[PDB]
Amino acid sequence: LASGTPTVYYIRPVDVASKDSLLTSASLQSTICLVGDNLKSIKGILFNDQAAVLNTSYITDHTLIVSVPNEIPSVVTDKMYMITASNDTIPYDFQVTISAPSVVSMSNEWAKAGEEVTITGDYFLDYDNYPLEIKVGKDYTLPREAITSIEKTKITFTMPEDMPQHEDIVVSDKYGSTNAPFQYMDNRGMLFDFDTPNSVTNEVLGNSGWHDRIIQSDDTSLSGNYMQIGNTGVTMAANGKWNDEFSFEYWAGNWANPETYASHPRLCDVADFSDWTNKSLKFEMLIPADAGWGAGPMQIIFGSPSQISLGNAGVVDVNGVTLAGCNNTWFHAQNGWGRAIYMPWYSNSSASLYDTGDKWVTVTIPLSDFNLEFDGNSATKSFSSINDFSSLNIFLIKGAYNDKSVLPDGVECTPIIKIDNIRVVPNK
């Protein structure tokens, strides 16, 4: 309608109670107001390469109100292009604020040199004028040649031989830097690597209960010894029936009276479980392709010395706790006790054989998700103290309280689950 070249003196927000009186940037879908003259000479507006929608009814010759498009720009120039009726382009420098990268998981936090590693998250956006980078520590930057592909949710790279271990990992791009919730060869909050003696009793923790599991190392090892649940040809029923062949048990204590925990210490003394709601249980896991896991949910149960211990019942420890002794009722006592139940073989109301292609993958289970009970219903008693992380059970079983079960059946299988590097780590 109007004539002349549009100008913009400044950009202000559109709502009344705004903190800002002027904007040099704006998020997606943000409604902004241009303050210039001859603004009705504007026929189109593009933010970067994204065209905006102009409502003629709210465009005076001194104010134009437009909302930033929702789509992420593919080529970012930090300019808003105003197009006149004659298709002339008038650029006004203006940045479209995009969320910083979010880092959630790494495929194998213990990946060896040469292995294909994928980092899963969101807002991994790579541009020519501003490349995304992975920085480990303070002096190392991941070479771009190691990176094979970058998608919005996944970054894929080939692990160099010399990436710094046990250091912070930062994913940075044009829109900011964010620390990864993991480290390379992460050993923080280390509980069972089955190789290194623990810091308190100078013992390499392993079996400490009734049903001892395989702990060995061979050509399939990720790092030294691993712990194995199941074996070749050992059948797991589709209904997840009780079978101690799929139970790993570490019970604190070693038949001492009084129980000093001089042997088999409490897990809460081996690693720090304070502020557990902001922490997660992590471990690396291998399931052979020929030994898929398709039935029997994995119940990971932490317990206090009041519930379970390696010894006789009635013994008191150096903490005044009356030990429960050896038992297998504490994790199914119908008392609302919370435990995590991991079941990747159950995907969208249907059960299938889950394996991991004979590779080691890192599994993250936040301690806040230990809120189920043996039957699968929501747990009524949460964690109350760090003392509740003294013993650990890993049991592949579908529980059924009072002949009723909420967890689902699977398919009959012969699963082999190799586990190493059981640790507890901060969520961030």
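Numbering starts at 1 and runs along the sequence shown.
TODO: Would you mind comparing 396-404 and 43-51 for me and telling me which has the higher average C-alpha temperature factor in the entry?
DONE: It is 396-404.
TODO: Averaging only over Cα atoms, indicate whether 68-76 or 205-213 has the higher B-factor in the PDB entry.
DONE: Per the deposited B-factors, the answer is 68-76.
Task: Out of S107, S274, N187, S309, highest CA B-factor residue - done: That would be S274, according to the entry.
- [ ] Tell me, please, which of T153, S247, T178, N225 has the highest C-alpha B factor according to the deposited entry?
- [x] That would be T178, according to the entry.
Task: Relative C-alpha B-factor of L125, binned into the chain's lowest, middle or highest third - done: Ranked within chain, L125 CA B lands in the middle tercile.
Open item on the list: Splitting the chain's C-alpha B-factors into thirds, which one does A85 fall into?
Closed with: It belongs to the highest third of the chain when residues are ordered by C-alpha B-factor.
Task: Third assignment of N328 from its chain's C-alpha B-factors - done: Middle third - that is where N328 ends up once the chain's C-alpha B-factors are sorted.
Task: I419, C-alpha B-factor rank within chain (lowest, middle or highest third) - done: Lowest third.
- [ ] Divide the modelled residues of the chain into thirds by Cα B-factor and specify which third, lowest, middle or highest, holds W337.
- [x] Top third by C-alpha B-factor.
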